[PDB]
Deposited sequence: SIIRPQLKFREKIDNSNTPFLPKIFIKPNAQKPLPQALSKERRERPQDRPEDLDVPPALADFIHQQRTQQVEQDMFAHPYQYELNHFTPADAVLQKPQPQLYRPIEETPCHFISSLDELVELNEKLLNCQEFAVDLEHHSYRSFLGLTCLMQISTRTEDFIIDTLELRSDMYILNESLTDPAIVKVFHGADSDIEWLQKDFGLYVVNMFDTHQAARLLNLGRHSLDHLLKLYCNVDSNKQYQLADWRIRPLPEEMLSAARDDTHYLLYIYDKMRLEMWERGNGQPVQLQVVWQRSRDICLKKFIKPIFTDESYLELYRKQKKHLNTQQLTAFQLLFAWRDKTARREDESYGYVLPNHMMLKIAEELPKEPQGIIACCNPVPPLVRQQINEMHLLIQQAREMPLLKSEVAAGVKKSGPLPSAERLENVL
C-alpha cells in the first residue's frame, strides 16, 4: 500500500469541527483588499470568499464574445508534456500562463485514504503545451498559481468545475476568476466530455471515467496520458462551443454571457467542512425494519463516535476506518468477545484490527445498558 503522502506535508491537515478558514495569504488581481487577519504575518470577514467582490464584478471581454475562429487541438504526438514538481518549475509555468489568452484546467483527486479528500494532481494546457503538476509535492507552493487563475484577463476553460473549485481552496487556497465551464455550455446546447470529446474531436478517451489512486508515484505513462487528455482538447472545444453557440444567437453574445455568468457562479462556491450525525443513519434504519433496542442503538452511537474520532485523527475516510454496513452489523450482533467484532467484517479493516481492544470496550459498555420493558427477550 502506497505510503500515505500526508506524512511529508510541512503543514498538518486540520480535521476538526473548527470552521474552515481560507488559506490564501496574498491576493493577486485583488480589486478589493484581503483581510489582514489572512496575512502571512498575522498568523472584514476572514471567513468570507476572498474573491467575492471581483467575481461579482467581472465581465467577459468583448474579444471572447465575438465570433471565434476555432484553433484545432495540437496533435498529441507533437504536443510536449511537462512534469512540474519543484517551485522553480511552478513559478516558470505561471509566467508562461500570465502571457496566455486562455488555458485548460482539471484536477485529480483522492478520497479513500483521506478524511476531507486530497488533490493529488493538477493539469493545465496552453494552445501548444500540456502540463502536469504534482500537487502533493508542490502542495504548500501551489498558491502561486493564483496570479494567473485570478486574472480576469485570461480565460480558464473547465469541464464540470463544481468540485474542483472547492478543492482548489481547501487544499491550496486557490481561486478562479474568469472561467468558462464546458459542462455549462453543454447544458444550453444540450453525457458531456465523453460526448464533447467524441462529438467535437472524434476521440474516445478510455480511462476518462476511471477511478484510480492518484497518490501513486511515479505516475505511469497510462495515468499521465489519461490526465493530460482531460485538458488537451478543452481549448478547441472551448472555441467550437462558442461557435455553435454564437451561430444560435444570430451573432449576439446571448448564450455566451450566460455560460460565463453561470460558470463564475461556480467560482463563488465555498468549501465547508462536513459534519456527520448518527441521527441520519438511525432515522434511515427506522424507515427500514429497525429492531434496534437500547443496547444495539447505544453500540451504534459509540461506534459512530469512535469511527469519526479515528477517521479525523488518522486522516482517513469513514469507509476506510469502518463502513456503514459493517458498523451497523456490529451494532446489531453485539459480539461479546473482541474476536466476535473482527469476525463480523468482510474484510477486516486495519484500524479495526488495531483498535479491537478499544472497540471491544465500547460494545461491552453497550451490553451493560438496561433493556426496556418491551425489549426484554
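Novice: Given the full deposited sequence, which segments carry no C-alpha coordinates?
Specialist: According to the deposited record, C-alpha coordinates are absent for 44-72, 220-222, 410-428, which together make up the missing parts.
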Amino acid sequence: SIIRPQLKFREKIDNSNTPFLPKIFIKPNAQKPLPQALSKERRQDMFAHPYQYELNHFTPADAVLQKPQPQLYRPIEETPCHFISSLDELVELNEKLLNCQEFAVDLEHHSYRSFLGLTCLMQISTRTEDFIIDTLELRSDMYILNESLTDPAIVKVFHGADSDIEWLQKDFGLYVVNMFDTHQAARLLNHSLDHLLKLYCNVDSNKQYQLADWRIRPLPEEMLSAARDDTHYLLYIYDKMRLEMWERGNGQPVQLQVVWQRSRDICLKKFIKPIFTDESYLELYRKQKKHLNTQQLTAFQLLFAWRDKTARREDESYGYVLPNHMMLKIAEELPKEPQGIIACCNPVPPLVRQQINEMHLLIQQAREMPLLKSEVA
From here on, numbers count along this sequence of modelled residues.
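Novice: Going by the average Cα B-factor in the PDB entry, point out whether 104-112 or 266-274 comes out higher.
Specialist: For C-alpha atoms only, the mean B-factor is higher in 266-274.
Novice: Highest mean C-alpha temperature factor of the two stretches 156-164 and 196-204, which is it?
Specialist: Comparing averages over the C-alpha atoms only gives 196-204.
Novice: Checking the record values for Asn324, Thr310, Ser317, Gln66, which has the greatest CA B factor?
Specialist: Comparing C-alpha B-factors across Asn324, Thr310, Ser317, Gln66, the maximum falls on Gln66.
Novice: Which listed residue, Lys287, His82, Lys170, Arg217, has the largest C-alpha temperature factor in the record?
Specialist: Comparing C-alpha B-factors across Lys287, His82, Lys170, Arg217, the maximum falls on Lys287.
Novice: Would you mind ranking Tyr238 by its C-alpha B-factor against the rest of the chain and naming the third, lowest, middle or highest?
Specialist: Within its chain, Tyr238 is a middle-third residue by C-alpha B-factor, going by the deposited values.
Novice: Lowest, middle or highest third: which one holds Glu247 when the chain's residues are ordered by CA B-factor from the entry?
Specialist: CA B-factor rank for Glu247: highest third.
Novice: Looking at the entry's B-factor column for C-alpha atoms only, identify whether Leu98 ranks in the lowest, middle or highest third of its chain.
Specialist: Middle third, going by the recorded CA B-factors of the chain.
Novice: Split into thirds by Cα B-factor across the chain's modelled residues, where does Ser125 land: lowest, middle or highest?
Specialist: According to the entry, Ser125 has a C-alpha B-factor in the chain's lowest third.
Novice: By the recorded C-alpha temperature factor, relative to the other modelled residues in its chain, which third is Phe131 in?
Specialist: As the PDB entry reports it, the C-alpha B-factor of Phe131 lands in the lowest third of its chain.
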